[PDB]
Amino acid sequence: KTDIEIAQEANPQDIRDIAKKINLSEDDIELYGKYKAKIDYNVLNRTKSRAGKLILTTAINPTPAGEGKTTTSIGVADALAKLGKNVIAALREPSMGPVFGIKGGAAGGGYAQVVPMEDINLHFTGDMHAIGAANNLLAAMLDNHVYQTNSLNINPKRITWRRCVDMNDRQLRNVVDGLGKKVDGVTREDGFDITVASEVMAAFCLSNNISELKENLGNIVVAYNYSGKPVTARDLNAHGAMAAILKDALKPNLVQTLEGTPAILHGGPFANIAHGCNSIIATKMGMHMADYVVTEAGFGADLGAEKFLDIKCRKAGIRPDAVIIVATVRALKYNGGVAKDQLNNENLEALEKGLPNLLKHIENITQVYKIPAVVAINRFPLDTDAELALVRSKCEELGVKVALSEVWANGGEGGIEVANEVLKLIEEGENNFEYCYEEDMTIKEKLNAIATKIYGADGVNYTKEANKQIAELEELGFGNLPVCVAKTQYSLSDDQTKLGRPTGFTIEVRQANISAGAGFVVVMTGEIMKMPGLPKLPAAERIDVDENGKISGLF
């Protein structure tokens, strides 16, 4: 059975019945049909919390296919519901753009999904459109100020703010606008990002309430003046209207899994130029309404988990009680020199040389951040017991239990082995959580702390332009913020070919930007694509609608 067939034959409950499972009245939610609803964030102010625990699901350095990190979160959440616990699965919302290029995807996979799958891949509750409308209003007010008076003395060559659209349109990567008559604006270079790559999205996810959201949108640096000083959205008096555009969008979206477990999908920025987690207000909503929250971070534990802990948790004042490290025997054998085609041969030798990658993420989670961790093995069909005994053998050496996950084929029943081990880590495991770095350090000291402790590098090298940018950010006062390293996800290093666990390498930083709205410094290692393109035969050509309004060709 395909993922689209499992979702259709599933019987989803009325979302008002899902809300009763977390003690939410019908005056506390706003329906979007029978199967979707938004939760008023003011419930956080008139009801007391349940002080729920936080479960973070990460994974080893990924292969182009994946390791089932999202299916593991949904399956473990369903498993904890099978154990009688009150649980919410906090996940990200996909973007609509890639649906029309490489076709859509299920919120999860197999029997560990989130439903309705069709609305999630499309407009959902309109959160993407709200993000893009606030992004494009600030850009329209920025160009309007330069056209009317430019009393802020903005240099058009130094405008870093970019418009956005929820489409895979390579045509809009590099743009000249403001052409035509003198009443048609100020001519300058510009461009479009995909909406999820916008800084509005990152500040949307790193806001604890509506008051902090408006303050963060005001801190957004949109350009620089001719004197070199930053110009903020607050200087343009735009953050008040931007917060109004995002007023309803900031309300988390309540949905359900295939087994009726309450699910919350909210936000979803990049995991390279941003932190790649769901919104703070959705995570803290789950911890307010449930006893256990299963969330995740994009890419491997060297990026998403590092940014979940050093950026999201630092701004939310929260802390994970357990970490689930997802790993597959295919990915470890892929790290052991095996190609994608030969991933099915029982190669115990290549599994051992790809294991240091899994063991490195185990050391980062358990010894650097000091959080109890458990290795969840996403059992792909052809795994052998000798393969599963070797990965269980060397994970015992550093004091981490290994549970076998079968949530893709069995749903919640397949995650009981992982669920129980997480519940025991919350009871047993001591928690001495420490950040990878402190705020007082400079930008270069924070990057060196991440590169040596987490990545395993000897140090960080900076180009001539990066040194100029880092120093200018220090002079402007942005040296007290966290740093967001944008590098490849397929490797611990910045070289996407160095698989396994690289040894004597150094990170080369070539560009640094400021995301003062989200509250971190973006540090780029290579070139990052913020607007993907459409393939030769886009999937949109196969999408159709019948006489009753049923969509075909989406999945």
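Each residue number is its position in the shown sequence, starting from 1.
A.B. asks: For the higher mean C-alpha B factor in the entry, choose 532 to 540 or 8 to 16.
C.D. replies: Higher of the two, by average CA B-factor, is 8 to 16.
A.B. asks: Looking at the deposited entry, does 153 to 161 or 100 to 108 carry the larger mean Cα B-factor?
C.D. replies: Comparing 153 to 161 with 100 to 108, the higher mean C-alpha B-factor belongs to 100 to 108.
A.B. asks: From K229, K333, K315, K214, pick the one with the largest CA B-factor in the entry?
C.D. replies: It is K333.
A.B. asks: Using only the C-alpha B-factors in the record, can you name which of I311, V485, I281, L390 has the highest?
C.D. replies: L390 has the highest C-alpha B-factor of those listed.
A.B. asks: Please say which third, lowest, middle or highest, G526 falls into when its CA temperature factor is compared across its chain.
C.D. replies: According to the entry, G526 has a C-alpha B-factor in the chain's highest third.
A.B. asks: Which third, lowest, middle or highest, does the CA B-factor of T328 fall in along this chain?
C.D. replies: Highest third.
A.B. asks: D248's Cα B-factor: lowest, middle or highest third of the chain?
C.D. replies: As the PDB entry reports it, the C-alpha B-factor of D248 lands in the lowest third of its chain.
A.B. asks: Could you say whether, by C-alpha temperature factor, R188 belongs to the lowest, middle or highest third of its chain?
C.D. replies: As the PDB entry reports it, the C-alpha B-factor of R188 lands in the lowest third of its chain.
A.B. asks: In terms of the chain's CA B-factor thirds, is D27 lowest, middle or highest?
C.D. replies: For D27, the deposited C-alpha B-factor lands in the highest third.
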